[PDB]
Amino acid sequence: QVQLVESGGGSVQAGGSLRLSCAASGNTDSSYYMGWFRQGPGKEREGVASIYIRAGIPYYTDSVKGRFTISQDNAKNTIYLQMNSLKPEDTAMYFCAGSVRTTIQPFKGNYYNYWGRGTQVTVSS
């Protein structure tokens, strides 16, 4: 019973940056991972970044590695996604999900349980 709220989305030009935020309502103590997912119009739901809460272990897809950075603040109960060198391919509805499983595939939504509403990210030419 842990709701998630996303903010930080917006419209930017290529080579730009955005800091996405994901606030957890209850206590993350019953959830091992908190990841970021994105869906693009006519594109399937795909995972981009994931963080093992207990030790702050980050995981990224090759297409986002060295640009994006997944961070957390257990005090403020939020997880961040620092998106840099943004390409127009990065345009999608960004979702943030929590996982109550110890071992998963951090870039596949089936392994997650609570989901957020979303934040539109638009990168232009």
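All residue numbers refer to positions in the sequence shown, first residue = 1.
Comparing 43 to 51 with 93 to 101, the higher mean C-alpha B-factor in the PDB entry belongs to 43 to 51.
Averaged over Cα atoms, the B-factor as recorded in the entry is higher for 22 to 30 than for the other of 55 to 63 and 22 to 30. Split the chain's modelled residues into thirds by C-alpha temperature factor. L86 is in the lowest one. In this PDB entry, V2 carries a Cα temperature factor that places it within the highest third of its chain's modelled residues. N110: CA B factor in the lowest third of modelled residues in this chain (values from the PDB entry).
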